[PDB]
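Contents: one structure, followed by commentary.
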Amino acid sequence: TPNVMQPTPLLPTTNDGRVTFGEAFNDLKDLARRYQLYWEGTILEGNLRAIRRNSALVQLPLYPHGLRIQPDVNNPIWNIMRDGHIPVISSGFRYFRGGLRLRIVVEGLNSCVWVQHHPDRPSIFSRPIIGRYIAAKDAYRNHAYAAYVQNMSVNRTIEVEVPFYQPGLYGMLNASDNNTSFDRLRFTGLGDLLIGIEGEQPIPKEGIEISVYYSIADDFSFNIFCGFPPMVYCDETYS
Amino acid sequence: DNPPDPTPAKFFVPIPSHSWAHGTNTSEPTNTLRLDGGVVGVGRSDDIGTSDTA
Amino acid sequence: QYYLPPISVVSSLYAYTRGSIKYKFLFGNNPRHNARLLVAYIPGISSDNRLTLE
Amino acid sequence: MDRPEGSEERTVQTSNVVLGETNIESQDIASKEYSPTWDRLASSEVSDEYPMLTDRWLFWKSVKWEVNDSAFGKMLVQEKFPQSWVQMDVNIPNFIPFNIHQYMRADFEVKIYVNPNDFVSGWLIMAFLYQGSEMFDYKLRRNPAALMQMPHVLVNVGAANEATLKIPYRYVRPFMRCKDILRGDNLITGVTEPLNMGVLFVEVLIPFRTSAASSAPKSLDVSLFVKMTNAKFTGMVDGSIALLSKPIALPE
Amino acid sequence: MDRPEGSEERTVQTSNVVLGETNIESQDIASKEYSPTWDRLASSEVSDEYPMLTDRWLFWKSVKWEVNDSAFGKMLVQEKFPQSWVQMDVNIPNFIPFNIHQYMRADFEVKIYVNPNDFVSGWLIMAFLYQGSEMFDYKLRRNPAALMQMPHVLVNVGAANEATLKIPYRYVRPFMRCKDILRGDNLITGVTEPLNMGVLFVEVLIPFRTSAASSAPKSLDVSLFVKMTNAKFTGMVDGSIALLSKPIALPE
């Protein structure tokens with residue numbers, strides 16, 4: 001009884017005429033997605049530390065299966081319809097070995113923004129943390145880490161590719177959250193991404209809005225097929 | 001080896017959009033809202049004739 | 001201030017690492033001195049709480 | 001049956017042990033079977049293989065399920081694989097082909113034996129899930145509807161039939177430790193679960209139904225066997241240089 | 001000595017272990033070395049060999065002999081060979097390449113290390129006697145004059161020198177049992193001494209003589225190593241199917 005096993009088939013008809021997945025439509029349909037989906041919201045002045053210099057504003061844990069969904073009334077895109085395709089696709093697999101592409105949009109600022117990547121940092125958070133409320137010794141820009149400095153006067157969307165730097169055979173996706181091992185902190189996430197502002201100058205009254213979109217890469221692979229966890233229909237989100 | 005590229009910048013003129021007048025005998029660059037990011041056109045058969053716009 | 005060896009300083013510039021390590025032991029003795037030492041490599045251990053010669 | 005002897009029964013022979021079967025199996029493989037090549041890239045020490053000991057088929061547990069406790073989804077056995085450590089108190093024992101060594105790796109094969117009568121009906125489903133104990137939806141994937149989508153074998157109680165589940169090595173290490181490295185903080189270097197490659201699931205697909213008679217058997221025993229195709233050990237230490245902690249059971 | 005480093009020291013490498021020597025050895029072989037051919041005629045079960053474990057050189061004991069106790073004939077170590085079973089209480093431990101199996105056989109190699117100063121004199125004689133414990137004149141053959149006629153190596157204390165004693169397998173079985181079979185009468189089926197192939201003798205050939213100074217060392221340590229060329233095991237049982245009795249010491 002392999003996962004695909006037909007003991008005695010009673011097929012009354014011939015098969016349906018073969019299409020290619022791109023004929024009566026013009027694209028090849030297979031399970032690969034570089035479609036970009038959201039990851040976070042907005043920040044205000046009252047969130048940042050008293051000394052906001054070389055201090056990151058966001059601590060983003062890197063998970064192929066996305067972040068732990070949290071419904072708000074300010075953000076209906078999480079509440080009325082669940083998280084995007086990517087985390088539901090990764091829910092049917094166990095391991096990954098590729099890097100992720102990050103597209104980041106910062107709208108309330110016209111001043112320079114930085115983005116740094118910390119591969120070896122243990123991914124023990126399932127939600128992004130902002131400013132003052134960020135753990136100390138975190139959201140401090142490091143020196144010798146992969147980074148990208150961009151001016152918002154030129155372009156206010158940052159596109160970078162986060163590499164796969166894990167000292168292991170695989171990368172674990174769909175990791176539990178609260179209480180450990182040595183496989184949940186160094187082998188699950190690609191690490192953390194720190195987003196900060198070059199200047200220590202105060203945040204505009206209206207505040208700043210950071211929308212992080214991400215996609216899969218080419219050297220990325222969903223290695224082992226697991227059973228699908230029971231899903232929730234978005235169509236029944238009103239009763 | 002991170003060789004320098006001191007190759008002269010090229011004077012370029014920025015514009016918002018591509019021609020609004022051109023309708024034939026040229027290419028019109030655009031952001032196709034598809035999954036396939038190449039030259040893509042609807043599939044056809046004899047059930048679906050050519051454009052009858054002579 | 002720590003007087004770190006070449007292998008240590010460089011390794012502090014990189015996240016992960018691997019390979020054999022060469023520990024050279026220099027003795028301040030003369031021909032008269034005599035002894036035998038048993039230096040071991042215990043994998044998976046980080047202290048001498050349960051560590052003995054036997 | 002039809003001979004002065006019984007019917008001719010198929011045989012399976014490994015090192016120093018022989019298993020007998022009488023009917024057709026129901027099999028499946030966890031993932032693509034292969035040959036480990038990055039394991040020699042993890043240990044400088046020469047690996048060791050013990051075919052005469054590791055290729056042996058071993059019987060580790062036999063569970064009984066009765067009609068009164070047979071309900072759809074009833075988990076007959078839910079343990080972390082591979083963990084076959086049995087000792088007088090809750091405490092890997094050196095009494096069998098088991099080694100007190102730091103690291104190891106191998107491919108596994110699980111055989112489930114059930115011996116019912118010609119007059120009973122029911123279904124068991126034996127599945128496996130790679131590192132299911134580490135998933136945030138573990139307790140949620142124990143339902144047979146979810147077990148059907150994982151690599152699994154089916155047991156019919158209306159036919160006496162055996163089943164084998166091939167489970168090739170898959171892990172993130174790629175050498176799993178047999179014992180603990182306990183000196184670490186919860187934030188960095190969390191405690192490592194020894195030999196936790198996944199979770200072996202057997203459950204009730206169809207409630208065990210017997211005859212309504214009093215003199216009829218209402219309980220059936222489910223016995224299990226496990227074997228290793230090729231085992232490699234690369235951590236040589238004292239049997240008591242590190243110690244074995246009480247296995248942390250993880251039930252829902 | 002004559003270099004910024006010491007003199008170049010010879011090396012001996014087996015599986016997972018390295019021994020260092022600095023001077024010329026003193027060696028000898030117990031009997032004609034050979035290849036066992038009648039052992040396959042004793043067990044129907046396939047034999048097993050563990051080169052990575054059995055070829056390893058192990059350190060088991062280190063005895064100290066001082067001038068005050070150094071007399072002609074003084075027995076520094078008198079134990080039944082091969083018996084290297086060490087446990088917390090007097091109780092074969094699975095902590096090293098040791099197996100709890102019914103039968104086994106192998107050839108042995110004994111290396112004796114002694115590390116004296118440039119200013120001491122004395123002589124040690126390490127000998128071996130096949131099944132000496134079973135001879136009616138055992139206690140009578142412990143005197144160095146008798147040790148000289150048995151296969152033996154000599155250690156000079158006036159030179160720092162190592163020594164190796166090759167001891168090929170010789171026995172009446174030809175498989176010796178690792179554990180006991182205790183159910184027998186004294187008249188028939190007497191109790192069998194596990195792993196008793198002979199007796200390893202080290203003794204004082206010439207009294208350990210030191211300088212008359214107070215700040216001079218008056219005690220010297222004699223360390224021993226043992227190794228197995230090729231080991232075969234043919235008795236597969238539970239680690240606790242049979243048990244280990246307290247080793248019956250046999251001194252004179």
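The chains in the structure tokens are called A, B, ... from first to last as shown; in each chain the residues are counted from 1, and the ligands are counted from 1 in the order shown.
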
*asked:* With only C-alpha atoms as the counted atoms, please give the residues lying no more than 12 Å from residue 45 in chain E, apart from itself and same-chain residues fewer than 6 positions off, as a list in words.
replied: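 With the cut-off at 12 Å, the set is residues 15, 16, 17 and 52 of chain D; 39, 102, 103, 232, 233, 234, 235 and 236 of chain E.
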
*Which residues of chain C are close to chain D, meaning at most 8 Å apart when you count only C-alpha atoms, and how do they look as a PyMOL selection string?*
chain C and resi 19-20+42-45+50-51

Would you mind listing what lies within 6 Å of residue 163 in chain D as an mmCIF file with N, CA and C atoms, in the first residue's frame, with only C-alpha atoms counted and same-chain residues fewer than 6 positions away left out?
data_model
loop_
_atom_site.group_PDB
_atom_site.id
_atom_site.type_symbol
_atom_site.label_atom_id
_atom_site.label_comp_id
_atom_site.auth_asym_id
_atom_site.auth_seq_id
_atom_site.Cartn_x
_atom_site.Cartn_y
_atom_site.Cartn_z
ATOM 1 N N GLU D 25 2.274 -9.199 1.941
ATOM 2 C CA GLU D 25 2.493 -7.991 2.730
ATOM 3 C C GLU D 25 1.796 -6.758 2.174
ATOM 4 N N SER D 26 1.965 -5.662 2.901
ATOM 5 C CA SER D 26 1.506 -4.345 2.494
ATOM 6 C C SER D 26 2.642 -3.391 2.814
ATOM 7 N N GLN D 27 3.351 -2.919 1.797
ATOM 8 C CA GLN D 27 4.561 -2.145 2.051
ATOM 9 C C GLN D 27 4.598 -0.757 1.416
ATOM 10 N N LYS D 111 8.431 -4.095 10.562
ATOM 11 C CA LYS D 111 7.487 -5.141 10.203
ATOM 12 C C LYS D 111 6.455 -5.289 11.307
ATOM 13 N N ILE D 112 5.182 -5.274 10.931
ATOM 14 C CA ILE D 112 4.109 -5.433 11.902
ATOM 15 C C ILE D 112 3.398 -6.765 11.698
#

_Best match for closeness to residue 212 in chain A among A:114, A:125, A:93, A:39, counting only C-alpha atoms_ = A:39

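Going from CA of residue 86 in chain D over to CA of residue 245 in chain D, you cover 12.5 Å.
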
*Please run DSSP on the backbone and report, as a list in words, all residues within range 98-210 of chain E that come out as helix (DSSP H, G or I).*
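Filtering range 98-210 of chain E to helix (DSSP H, G or I) leaves residues 132, 133, 134, 144, 145, 146 and 147 of chain E.
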
*Any idea what's packed within 10 Å of residue 187 in chain D, counting only C-alpha atoms, ignoring anything in its chain fewer than 5 positions away? Could you give it as a count of residues only?*
8

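Here the question is which of C:6, C:39, C:47, C:13 gets nearest to residue 25 in chain C using only C-alpha atoms, and that residue is C:39.
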
_residue 50 in chain A surroundings by only C-alpha atoms, 12 Å radius, close-in-sequence under 4 positions cut, as JSON, numbers by chain_ = {"A": [45, 46, 55, 131, 132, 133, 200, 201, 202]}

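Counting only C-alpha atoms, every residue of chain A that comes within 9 Å of chain B is listed here: residues 22, 23, 24, 25, 26, 27, 28, 29, 33, 34 and 35 of chain A.
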
Those same residues - N, CA, C and O atoms - I'd like them written as a PDB file, in the first residue's frame.
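Written output follows (part07.pdb):
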ATOM      1  N   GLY A  22       0.225  24.041 -19.707  1.00  0.00           N
ATOM      2  CA  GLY A  22       0.251  25.321 -20.406  1.00  0.00           C
ATOM      3  C   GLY A  22      -0.325  25.426 -21.817  1.00  0.00           C
ATOM      4  O   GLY A  22       0.251  26.137 -22.639  1.00  0.00           O
ATOM      5  N   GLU A  23      -1.412  24.724 -22.139  1.00  0.00           N
ATOM      6  CA  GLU A  23      -1.924  24.790 -23.517  1.00  0.00           C
ATOM      7  C   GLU A  23      -3.218  25.603 -23.710  1.00  0.00           C
ATOM      8  O   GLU A  23      -3.263  26.504 -24.551  1.00  0.00           O
ATOM      9  N   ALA A  24      -4.257  25.306 -22.929  1.00  0.00           N
ATOM     10  CA  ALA A  24      -5.521  26.039 -23.026  1.00  0.00           C
ATOM     11  C   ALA A  24      -5.416  27.289 -22.165  1.00  0.00           C
ATOM     12  O   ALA A  24      -6.384  28.010 -21.927  1.00  0.00           O
ATOM     13  N   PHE A  25      -4.185  27.523 -21.745  1.00  0.00           N
ATOM     14  CA  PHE A  25      -3.748  28.596 -20.883  1.00  0.00           C
ATOM     15  C   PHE A  25      -2.298  28.600 -21.302  1.00  0.00           C
ATOM     16  O   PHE A  25      -1.905  27.731 -22.067  1.00  0.00           O
ATOM     17  N   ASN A  26      -1.505  29.582 -20.909  1.00  0.00           N
ATOM     18  CA  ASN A  26      -0.173  29.651 -21.494  1.00  0.00           C
ATOM     19  C   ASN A  26       0.996  29.574 -20.521  1.00  0.00           C
ATOM     20  O   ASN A  26       2.103  30.007 -20.841  1.00  0.00           O
ATOM     21  N   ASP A  27       0.763  28.994 -19.350  1.00  0.00           N
ATOM     22  CA  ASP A  27       1.823  28.874 -18.359  1.00  0.00           C
ATOM     23  C   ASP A  27       1.931  27.434 -17.873  1.00  0.00           C
ATOM     24  O   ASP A  27       0.939  26.714 -17.828  1.00  0.00           O
ATOM     25  N   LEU A  28       3.134  27.023 -17.486  1.00  0.00           N
ATOM     26  CA  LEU A  28       3.359  25.646 -17.067  1.00  0.00           C
ATOM     27  C   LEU A  28       3.114  25.538 -15.570  1.00  0.00           C
ATOM     28  O   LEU A  28       3.827  26.141 -14.768  1.00  0.00           O
ATOM     29  N   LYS A  29       2.091  24.777 -15.199  1.00  0.00           N
ATOM     30  CA  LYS A  29       1.698  24.686 -13.799  1.00  0.00           C
ATOM     31  C   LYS A  29       2.327  23.512 -13.064  1.00  0.00           C
ATOM     32  O   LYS A  29       1.931  22.361 -13.236  1.00  0.00           O
ATOM     33  N   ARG A  33       6.966  28.446  -6.618  1.00  0.00           N
ATOM     34  CA  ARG A  33       6.347  29.747  -6.433  1.00  0.00           C
ATOM     35  C   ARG A  33       7.310  30.861  -6.053  1.00  0.00           C
ATOM     36  O   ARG A  33       7.933  30.827  -4.997  1.00  0.00           O
ATOM     37  N   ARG A  34       7.417  31.856  -6.924  1.00  0.00           N
ATOM     38  CA  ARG A  34       8.211  33.036  -6.624  1.00  0.00           C
ATOM     39  C   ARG A  34       7.243  34.207  -6.551  1.00  0.00           C
ATOM     40  O   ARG A  34       7.582  35.343  -6.892  1.00  0.00           O
ATOM     41  N   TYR A  35       6.027  33.899  -6.108  1.00  0.00           N
ATOM     42  CA  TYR A  35       5.002  34.896  -5.833  1.00  0.00           C
ATOM     43  C   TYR A  35       5.264  35.509  -4.463  1.00  0.00           C
ATOM     44  O   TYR A  35       5.453  34.797  -3.480  1.00  0.00           O
TER      45      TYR A  35
END

*Tell me, as a PyMOL selection string, which residues lie within 12 Å of residue 135 in chain A, counting only C-alpha atoms; anything in the same chain fewer than 3 positions away does not count.*
chain A and resi 49+55-59+125+128-132+138-140

Show me, as a Markdown table, the residues of range 86-167 of chain D having an atom within 7 Å of range 195-216 of chain D, each with the closest atom pair and its distance in Å, using only C-alpha atoms.
| residue | atom | partner | partner_atom | distance |
| --- | --- | --- | --- | --- |
| D:120 | CA | D:210 | CA | 5.1 |
| D:121 | CA | D:209 | CA | 5.3 |
| D:122 | CA | D:208 | CA | 4.6 |
| D:123 | CA | D:206 | CA | 4.6 |
| D:124 | CA | D:204 | CA | 4.9 |
| D:125 | CA | D:202 | CA | 5.4 |
| D:126 | CA | D:202 | CA | 4.1 |
| D:127 | CA | D:201 | CA | 4.8 |
| D:128 | CA | D:200 | CA | 4.6 |
| D:129 | CA | D:199 | CA | 5.3 |
| D:130 | CA | D:198 | CA | 4.2 |
| D:131 | CA | D:198 | CA | 3.9 |
| D:132 | CA | D:198 | CA | 5.5 |
| D:133 | CA | D:198 | CA | 6.7 |
| D:144 | CA | D:205 | CA | 6.4 |

Just the selected residues (N, CA, C and O atoms), exported as a PDB file, in the first residue's frame, please.
ATOM      1  N   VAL D 120     -13.095 -12.179  12.098  1.00  0.00           N
ATOM      2  CA  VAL D 120     -13.060 -10.834  12.662  1.00  0.00           C
ATOM      3  C   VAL D 120     -12.846  -9.790  11.574  1.00  0.00           C
ATOM      4  O   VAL D 120     -12.416 -10.115  10.466  1.00  0.00           O
ATOM      5  N   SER D 121     -13.144  -8.535  11.890  1.00  0.00           N
ATOM      6  CA  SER D 121     -12.966  -7.450  10.933  1.00  0.00           C
ATOM      7  C   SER D 121     -12.432  -6.198  11.616  1.00  0.00           C
ATOM      8  O   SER D 121     -12.773  -5.904  12.761  1.00  0.00           O
ATOM      9  N   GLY D 122     -11.589  -5.467  10.899  1.00  0.00           N
ATOM     10  CA  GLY D 122     -10.982  -4.260  11.423  1.00  0.00           C
ATOM     11  C   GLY D 122      -9.803  -3.854  10.567  1.00  0.00           C
ATOM     12  O   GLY D 122      -9.382  -4.600   9.685  1.00  0.00           O
ATOM     13  N   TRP D 123      -9.270  -2.667  10.824  1.00  0.00           N
ATOM     14  CA  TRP D 123      -8.135  -2.179  10.060  1.00  0.00           C
ATOM     15  C   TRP D 123      -7.173  -1.373  10.925  1.00  0.00           C
ATOM     16  O   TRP D 123      -7.582  -0.506  11.698  1.00  0.00           O
ATOM     17  N   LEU D 124      -5.887  -1.664  10.771  1.00  0.00           N
ATOM     18  CA  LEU D 124      -4.844  -0.919  11.453  1.00  0.00           C
ATOM     19  C   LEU D 124      -4.031  -0.173  10.416  1.00  0.00           C
ATOM     20  O   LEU D 124      -3.868  -0.642   9.292  1.00  0.00           O
ATOM     21  N   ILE D 125      -3.525   0.992  10.786  1.00  0.00           N
ATOM     22  CA  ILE D 125      -2.715   1.763   9.861  1.00  0.00           C
ATOM     23  C   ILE D 125      -1.418   2.173  10.543  1.00  0.00           C
ATOM     24  O   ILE D 125      -1.414   2.956  11.493  1.00  0.00           O
ATOM     25  N   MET D 126      -0.317   1.607  10.067  1.00  0.00           N
ATOM     26  CA  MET D 126       0.990   1.919  10.617  1.00  0.00           C
ATOM     27  C   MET D 126       1.717   2.919   9.735  1.00  0.00           C
ATOM     28  O   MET D 126       2.063   2.622   8.594  1.00  0.00           O
ATOM     29  N   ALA D 127       1.950   4.106  10.281  1.00  0.00           N
ATOM     30  CA  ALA D 127       2.580   5.176   9.529  1.00  0.00           C
ATOM     31  C   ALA D 127       3.834   5.671  10.231  1.00  0.00           C
ATOM     32  O   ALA D 127       4.087   5.330  11.386  1.00  0.00           O
ATOM     33  N   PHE D 128       4.615   6.473   9.520  1.00  0.00           N
ATOM     34  CA  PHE D 128       5.810   7.076  10.087  1.00  0.00           C
ATOM     35  C   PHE D 128       5.923   8.535   9.652  1.00  0.00           C
ATOM     36  O   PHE D 128       5.572   8.883   8.525  1.00  0.00           O
ATOM     37  N   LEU D 129       6.407   9.379  10.555  1.00  0.00           N
ATOM     38  CA  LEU D 129       6.566  10.798  10.268  1.00  0.00           C
ATOM     39  C   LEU D 129       7.935  11.312  10.701  1.00  0.00           C
ATOM     40  O   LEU D 129       8.227  11.371  11.894  1.00  0.00           O
ATOM     41  N   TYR D 130       8.772  11.671   9.730  1.00  0.00           N
ATOM     42  CA  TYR D 130      10.105  12.204  10.013  1.00  0.00           C
ATOM     43  C   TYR D 130      10.045  13.419  10.938  1.00  0.00           C
ATOM     44  O   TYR D 130       9.405  14.418  10.615  1.00  0.00           O
ATOM     45  N   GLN D 131      10.729  13.315  12.075  1.00  0.00           N
ATOM     46  CA  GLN D 131      10.798  14.378  13.081  1.00  0.00           C
ATOM     47  C   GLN D 131       9.456  15.060  13.338  1.00  0.00           C
ATOM     48  O   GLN D 131       9.360  16.288  13.325  1.00  0.00           O
ATOM     49  N   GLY D 132       8.423  14.255  13.566  1.00  0.00           N
ATOM     50  CA  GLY D 132       7.093  14.777  13.816  1.00  0.00           C
ATOM     51  C   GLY D 132       7.003  15.430  15.182  1.00  0.00           C
ATOM     52  O   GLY D 132       6.175  16.310  15.408  1.00  0.00           O
ATOM     53  N   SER D 133       7.866  14.989  16.091  1.00  0.00           N
ATOM     54  CA  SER D 133       7.919  15.526  17.448  1.00  0.00           C
ATOM     55  C   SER D 133       8.353  16.992  17.479  1.00  0.00           C
ATOM     56  O   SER D 133       8.150  17.684  18.476  1.00  0.00           O
ATOM     57  N   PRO D 144      -6.089   9.380  11.756  1.00  0.00           N
ATOM     58  CA  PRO D 144      -5.959   8.475  10.602  1.00  0.00           C
ATOM     59  C   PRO D 144      -6.133   9.161   9.235  1.00  0.00           C
ATOM     60  O   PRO D 144      -5.521   8.721   8.260  1.00  0.00           O
TER      61      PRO D 144
END

_Nearby residues (only C-alpha atoms) at most 7 Å from range 80-92 of chain A, same-chain spacing under 5 positions excluded, as number ranges by chain_ = A: 37, 65-66, 69, 174, 225-229, 234, 237

*asked:* One decimal, in Å: what's the spacing between CA of residue 2 in chain E and CA of residue 32 in chain C?
replied: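 Answer for the CA of residue 2 in chain E to CA of residue 32 in chain C separation: 13.3 Å.
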
*Define the interface residues of chain C facing chain A as those within 9 Å, counting only C-alpha atoms, and report them as JSON, numbers by chain.*
{"C": [13, 15, 16, 17]}

Select from range 17-216 of chain A everything DSSP, run on the backbone, classes as strand (DSSP E), then give the selection as a PDB file with C-alpha atoms, in the first residue's frame.
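The resulting selection_33.pdb:
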ATOM      1  CA  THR A  42       3.996  49.638  10.545  1.00  0.00           C
ATOM      2  CA  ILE A  43       6.210  51.356  13.157  1.00  0.00           C
ATOM      3  CA  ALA A  56      17.612  48.118  14.203  1.00  0.00           C
ATOM      4  CA  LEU A  57      13.877  48.741  14.183  1.00  0.00           C
ATOM      5  CA  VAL A  58      12.844  45.210  13.243  1.00  0.00           C
ATOM      6  CA  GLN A  59      14.106  41.746  14.137  1.00  0.00           C
ATOM      7  CA  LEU A  60      12.827  39.406  11.425  1.00  0.00           C
ATOM      8  CA  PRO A  61      13.243  35.646  11.958  1.00  0.00           C
ATOM      9  CA  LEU A  62      13.688  33.840   8.643  1.00  0.00           C
ATOM     10  CA  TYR A  95      12.926  19.866   4.944  1.00  0.00           C
ATOM     11  CA  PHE A  96      14.363  22.698   2.823  1.00  0.00           C
ATOM     12  CA  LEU A 100      14.979  33.152   0.405  1.00  0.00           C
ATOM     13  CA  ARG A 101      14.393  36.319  -1.613  1.00  0.00           C
ATOM     14  CA  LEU A 102      13.226  39.343   0.380  1.00  0.00           C
ATOM     15  CA  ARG A 103      11.530  42.421  -1.069  1.00  0.00           C
ATOM     16  CA  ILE A 104      11.189  45.186   1.540  1.00  0.00           C
ATOM     17  CA  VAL A 105       9.152  48.399   1.218  1.00  0.00           C
ATOM     18  CA  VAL A 106       9.647  51.415   3.522  1.00  0.00           C
ATOM     19  CA  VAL A 113      17.678  52.348   5.420  1.00  0.00           C
ATOM     20  CA  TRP A 114      19.850  49.295   6.166  1.00  0.00           C
ATOM     21  CA  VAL A 115      19.203  45.544   6.094  1.00  0.00           C
ATOM     22  CA  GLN A 116      21.525  42.959   7.655  1.00  0.00           C
ATOM     23  CA  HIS A 117      21.456  39.159   7.771  1.00  0.00           C
ATOM     24  CA  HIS A 118      22.492  37.006  10.734  1.00  0.00           C
ATOM     25  CA  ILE A 129       9.919  42.428  17.606  1.00  0.00           C
ATOM     26  CA  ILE A 130      10.127  46.234  17.313  1.00  0.00           C
ATOM     27  CA  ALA A 147      24.194  43.657   4.460  1.00  0.00           C
ATOM     28  CA  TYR A 148      22.742  46.184   2.032  1.00  0.00           C
ATOM     29  CA  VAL A 149      22.538  49.944   2.546  1.00  0.00           C
ATOM     30  CA  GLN A 150      19.888  51.740   0.482  1.00  0.00           C
ATOM     31  CA  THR A 157      11.849  49.020  -2.100  1.00  0.00           C
ATOM     32  CA  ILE A 158      14.767  46.801  -1.119  1.00  0.00           C
ATOM     33  CA  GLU A 159      15.290  43.494  -2.918  1.00  0.00           C
ATOM     34  CA  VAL A 160      17.883  41.137  -1.452  1.00  0.00           C
ATOM     35  CA  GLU A 161      18.533  37.405  -1.427  1.00  0.00           C
ATOM     36  CA  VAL A 162      19.157  35.715   1.901  1.00  0.00           C
ATOM     37  CA  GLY A 171      16.825  22.980   6.977  1.00  0.00           C
ATOM     38  CA  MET A 172      13.797  22.279   9.133  1.00  0.00           C
ATOM     39  CA  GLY A 191      18.672  33.357  10.814  1.00  0.00           C
ATOM     40  CA  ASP A 192      17.459  36.872  11.556  1.00  0.00           C
ATOM     41  CA  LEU A 193      17.162  39.985   9.405  1.00  0.00           C
ATOM     42  CA  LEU A 194      17.754  43.381  11.019  1.00  0.00           C
ATOM     43  CA  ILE A 195      16.166  46.488   9.518  1.00  0.00           C
ATOM     44  CA  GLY A 196      17.318  49.885  10.782  1.00  0.00           C
ATOM     45  CA  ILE A 197      17.659  53.548   9.827  1.00  0.00           C
ATOM     46  CA  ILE A 208       6.813  54.663   8.936  1.00  0.00           C
ATOM     47  CA  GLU A 209       5.296  51.613   7.257  1.00  0.00           C
ATOM     48  CA  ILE A 210       7.435  48.569   6.457  1.00  0.00           C
ATOM     49  CA  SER A 211       5.972  45.830   4.262  1.00  0.00           C
ATOM     50  CA  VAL A 212       8.218  42.811   3.765  1.00  0.00           C
ATOM     51  CA  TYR A 213       7.410  40.518   0.854  1.00  0.00           C
ATOM     52  CA  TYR A 214       9.287  37.289   0.192  1.00  0.00           C
ATOM     53  CA  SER A 215       9.648  34.432  -2.275  1.00  0.00           C
TER      54      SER A 215
END

*Distance CA of residue 221 in chain D-CA of residue 109 in chain D, one decimal place?*
20.2 Å

_With distances taken over only C-alpha atoms, which residue among D:134, D:5, D:107, D:185 lies nearest chain A?_
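Ranked by minimum distance to chain A, first place goes to D:134.
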